[PDB]
Amino acid sequence: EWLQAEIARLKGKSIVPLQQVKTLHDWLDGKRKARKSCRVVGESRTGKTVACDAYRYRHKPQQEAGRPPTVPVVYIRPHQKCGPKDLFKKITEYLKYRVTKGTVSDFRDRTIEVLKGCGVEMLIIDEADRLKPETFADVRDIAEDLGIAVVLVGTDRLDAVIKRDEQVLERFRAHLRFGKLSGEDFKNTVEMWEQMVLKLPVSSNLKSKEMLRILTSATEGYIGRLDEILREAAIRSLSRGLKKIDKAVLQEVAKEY
Amino acid sequence: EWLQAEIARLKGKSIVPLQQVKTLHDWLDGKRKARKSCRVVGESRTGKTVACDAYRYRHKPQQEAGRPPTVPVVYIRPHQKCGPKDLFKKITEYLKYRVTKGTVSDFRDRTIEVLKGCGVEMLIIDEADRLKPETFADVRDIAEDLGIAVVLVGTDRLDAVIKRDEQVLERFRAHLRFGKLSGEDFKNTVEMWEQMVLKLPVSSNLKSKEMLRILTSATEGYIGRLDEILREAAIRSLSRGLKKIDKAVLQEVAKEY
Amino acid sequence: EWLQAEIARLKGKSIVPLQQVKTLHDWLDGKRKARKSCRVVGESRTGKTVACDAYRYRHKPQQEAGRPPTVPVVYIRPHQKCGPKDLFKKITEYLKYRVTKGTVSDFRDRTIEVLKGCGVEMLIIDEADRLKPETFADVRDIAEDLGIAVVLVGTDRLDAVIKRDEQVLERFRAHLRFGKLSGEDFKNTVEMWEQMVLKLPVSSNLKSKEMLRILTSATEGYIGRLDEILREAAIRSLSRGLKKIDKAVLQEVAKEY
Amino acid sequence: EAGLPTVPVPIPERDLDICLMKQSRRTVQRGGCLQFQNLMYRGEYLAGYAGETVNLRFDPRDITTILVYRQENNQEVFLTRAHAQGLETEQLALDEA
Amino acid sequence: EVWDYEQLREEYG
Amino acid sequence: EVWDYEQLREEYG
Ligand SMILES: Nc1ncnc2c1ncn2[C@@H]1O[C@H](COP(=O)(O)OP(=O)(O)OP(=O)(O)O)[C@@H](O)[C@H]1O
Ligand SMILES: Nc1ncnc2c1ncn2[C@@H]1O[C@H](COP(=O)(O)OP(=O)(O)OP(=O)(O)O)[C@@H](O)[C@H]1O
Ligand SMILES: Nc1ncnc2c1ncn2[C@@H]1O[C@H](COP(=O)(O)OP(=O)(O)OP(=O)(O)O)[C@@H](O)[C@H]1O
Ligand SMILES: [Mg+2]
Ligand SMILES: [Mg+2]
Ligand SMILES: [Mg+2]
């Protein structure tokens, strides 16, 4: 059924070529050339994780016949309270190896062996604040002993964690700030969502004044609010047999936030 | 015997199809369609737990021969200070699996494995304020890595916990409020309790203004006060030979609160 | 020898069936029938503990051959700063079980297992203000998951603890107040003591105004003060060789308060 | 009457009163309780704000119904009326309290 | 009424 | 009648 097919699309997720994503990719390309460790910081749902995930796809594993894959960018999100063994498992299994039960020393040496040979240039650690203070020493040793740009991603909670050890803080000084959208940048982003993401049978004119007013105040410029508001508003309109996001439907969503 | 049977019945529990229940069910159906995480917030004894129980019963598991059950809605009520293994324990046992002693990593991986393939679409965490702060990271990972709408249910004690982690606050920002009854809605509710819960041999006429005055004062419009007061007054009446609530025993009960 | 035997009696404890005891019992019987949770509140030394002990002793453990005992009423006094395992240990050891070393989760599951099967229907927690804030969640879960009337007992300290958790406050809001004695009840209570508790070989005439007026000022109507004064006054009078409490010893005692 | 640049706006008297009310700072604490002069109060949204200081306005003629304000975006916003628990029935003046 | 709350558990399993 | 604290404790057994 068409309605269920459109709902199955809209409840999904997609990556939009926003300028903030492009800005990060050029910055990460520079850090990868220089093998320079850094941090990416910004408020929640500004799109950092989507932008880093889009980066590893653009620099995906390169195959060579009978070799292990050449993998320029490794991306990991640690589990909560990530210790060193968990970090080593995260890295080794991203590189398509399987961990064998062993000591932390065995896990370390195998991770180092596969970070070499896979030719890893950059390791992005998303939600790096989940790392134990214990495991930051192994992160620093990867950056120092191998030629690898480690990129720590997080919110201001990461800066709080990083501040607790000068050796981490002083290695990860370089940062890029993600931020809230505003103005024409926010206006263009809403029109791009209507064009590229919602794809509704009739134009909703979401960049009209009375639409921009409620979208500006509900989202506060968070791209994650804008996406999830427009998803459910489209689901509601289509469920109602509308072919458009109507103003009242969008006001009903916006009051929930 | 009549008396022992009526007391054993009326000491019991039952669900009444209140408007607040239907309103939550329509809202939860939208969030389940959109796979949108959200929270349900309201004062104690407003009926949130009963309304969330009623929802999972409308959305019972679907049995298929030799498969594990398809379970669209999982409902859990964590114990106090719910750690991550406790949370994984709750979910896997709900899906009719037995946990095997092991690491947090084993519990996580097993939970994710069974949330997949049981086809879970929505996870309701009743009294989510009992979660430890470290446990919300694993709840966010369920919501983010799987297509599962997570619904946190609590009193405003939940919002004090949510605001302490920006990443939880920004994921669970969409909310529904459960409030006190009033006006016609309270009047029709007490009328329903006498019609369909008390089931006494004689009508009590609690709808009439000088009894409604007593109930409105003692209950403050909390449905849980309403239920407990009328059942206690009925059991007292039947124990003392009154075939209905009488205004004196009603006034006697109301005085204790 | 005479003196040691009557003194060894008089330094003991004894339970007099005050009307205050009967009104509690008739109230706890109604609450137990409804399985309704509630609290008993009142000033210190008003007899709340002795009346709850009297209620527990009327509702004895019933033996059945080779079964665990049917125990309708459990009574516990927590130690100070009672945590969850402390509560579970006290409940499970009131039923005739030993605790095994284990997690809080093991103690909980074993307690819930033995509160069932022992057929518990009322749990009295005397000095419920000794419970830690966290352990009230397990008390509420016992009252919610099993049909058990939980009875919290304490002074105004309990109302100060309860009001800081609205979920606790709204479950235990039905209450009974223990009062000071006064008037003809106070006169009637004094009359009972010398004939039902003291039973010195000669009448003490404690009802007489010159004695009754002093006892009013010294006890202020606290049943605990009334008992402890008269027991000590009898003991001291006997130790002087007197057959009875004289007002001179009664004044000699009443001046110590 | 002749020397006014413009006729004054007729002030909403509750707004005047609200800004005549004196005010104090306290933090919402555990369970949504807040202390003010030995009394304790709560209102319909308090506990969500437990852990931070709020601004609350009180009238010494009747302290039983406090009005409490959050500061957010560094702007004042009204939360709710915090009622003195068990005293939401008749007025209490501050002087005897 | 909707249901008996205990009867729902035996229905649900 | 009076209830002895000892008697009720022993009868409880
Ligand atoms: N480039 C994008 N294209 C489309 N949607 C996007 C994009 N970036 C973000 N979103 C939307 O915003 C949501 C949140 O983005 P994202 O997960 O990247 O945030 P984040 O900054 O990593 O957050 P947090 O710090 O809270 O973990 C996404 O799930 C998606 O709905
Ligand atoms: N729809 C209903 N039909 C019948 N009785 C109800 C209904 N909703 C609530 N009740 C009665 O009110 C009591 C309290 O409701 P419930 O447990 O759902 O509250 P709650 O909002 O989850 O409370 P809390 O936040 O304190 O845990 C119920 O246990 C039941 O006695
Ligand atoms: N019914 C009674 N018969 C005889 N003596 C009594 C009775 N009630 C109270 N007493 C006397 O008063 C003393 C105090 O009573 P009890 O311990 O029950 O008070 P309470 O209200 O529970 O006090 P607290 O709040 O201080 O713990 C008893 O130990 C006993 O000496
Ligand atoms: Mg992220
Ligand atoms: Mg509940
Ligand atoms: Mg006591």
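Quick note on labels: first sequence line is chain A, next is B, and so on, each numbered from 1. Values below: every heavy atom of this structure, side chains too, minus hydrogens, waters and symmetry copies.
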E:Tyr12 vs B:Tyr57, ring pair (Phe, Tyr, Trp, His ring centres under 6.0 Å): CA-CA, chis, key distance, verdict: CA-CA 7 Å; E:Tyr12 216 70; B:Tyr57 295 134; 4.8 Å; yes

Using only atom types and a distance under 3.5 Å, with no angle test, would you say the side chain of [X] pairs donor to acceptor with the backbone of [Y]?
X	Y	result
B:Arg56	B:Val73	no
A:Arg77	A:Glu127	no
B:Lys85	B:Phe107	no
B:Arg35	B:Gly147	yes
B:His79	B:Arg130	no
B:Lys36	A:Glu228	yes
B:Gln62	B:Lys60	yes
B:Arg164	B:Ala160	yes
C:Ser37	C:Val150	yes
C:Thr92	C:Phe88	no

Passes side chain to side chain contact (heavy atoms under 4.5 Å, CB included), A:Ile125 versus A:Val153? Steps please. CA-CA 6 Å; A:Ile125 310 186; A:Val153 197; over 6 Å; no

State which residues pass side-chain contact (heavy atoms from CB on, under 4.5 Å) with B:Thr135; sequence neighbours excluded, sorted by chain then number. B:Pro84, B:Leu87, B:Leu131, B:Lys132

Just to verify, what does B:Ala149 make a side-chain contact (heavy atoms from CB on, under 4.5 Å) with, not counting sequence neighbours? B:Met122

Using a 4.5 Å cut-off on heavy atoms from C-beta on, say whether the side chain of B:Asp129 contacts that of B:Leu152. no

Does any non-hydrogen side-chain atom of B:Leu24 lie less than 4.5 Å from one of B:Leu176? yes

With sequence neighbours left out, which residue pairs that include part of residues 140-154 of chain A fulfil the salt bridge (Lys or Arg N to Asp or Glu O under 4.0 Å) condition? A:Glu144-A:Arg171

Taking atom [atom1] of [X] as the centre, report whether more than 12 heavy atoms of other residues, nucleotides or ligands fall under 6.0 Å from it.
X	atom1	answer
E:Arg9	CZ	no
A:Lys89	NZ	no
A:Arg67	CZ	no
E:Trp3	CH2	no
B:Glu134	CD	yes

Can you see which heavy atom on [X] is nearest to which on [Y], and at what distance?
X	Y	answer
B:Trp27	B:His175	CZ2-C, 3.5 Å
A:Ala128	A:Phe136	O-CZ, 3.7 Å
A:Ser14	A:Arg231	OG-NH2, 3.2 Å
B:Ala137	A:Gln80	CB-NE2, 3.6 Å

So does [X] pair up with [Y], basic N to acidic O under 4.0 Å?
X	Y	answer
C:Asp86	C:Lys81	no
B:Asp29	B:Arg32	yes
B:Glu166	A:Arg157	no

Tell me, with the steps shown, if C:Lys101 and C:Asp106 meet side chain to side chain contact (heavy atoms under 4.5 Å, CB included). CA-CA 9 Å; C:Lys101 295 281 81 169; C:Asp106 302 314; over 6 Å; no

Could you go through the salt bridge (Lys or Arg N to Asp or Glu O under 4.0 Å) check for A:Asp159 and A:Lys163 one step at a time? CA-CA 6 Å; A:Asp159 287 348; A:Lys163 220 74 61 67; over 6 Å; no

For [X] and [Y], test the side chains for any donor-to-acceptor distance below 3.5 angstrom and give the result as yes or no.
X	Y	value
B:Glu170	A:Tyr222	no
C:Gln167	B:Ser44	no
A:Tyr75	A:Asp126	yes

Value rounded to 0.5 Å, distance of [atom1] in [X] from [atom2] in [Y]:
X	Y	atom1	atom2	answer
B:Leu146	B:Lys116	CG	NZ	5.0 Å
B:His59	B:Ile124	NE2	CD1	9.0 Å
A:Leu95	A:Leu115	CG	CG	6.0 Å
C:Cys118	C:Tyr97	SG	OH	4.0 Å
B:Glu93	B:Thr111	CD	OG1	10.5 Å
A:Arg108	A:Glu113	CZ	CD	15.5 Å

Could you give me the CA-CA distance, side-chain angles and deciding distance for A:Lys13 and A:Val50, then say whether side chain to side chain contact (heavy atoms under 4.5 Å, CB included) is met? CA-CA 10 Å; A:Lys13 190 172 174 172; A:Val50 172; 3.9 Å; yes

Check the pair B:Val151 / B:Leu123 against side chain to side chain contact (heavy atoms under 4.5 Å, CB included), numbers first and verdict last. CA-CA 6 Å; B:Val151 190; B:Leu123 169 63; over 6 Å; no

Take B:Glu121 and B:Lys33, measure what salt bridge (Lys or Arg N to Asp or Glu O under 4.0 Å) needs, and give me the verdict at the end. CA-CA 8 Å; B:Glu121 308 186 322; B:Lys33 265 180 277 285; over 6 Å; no

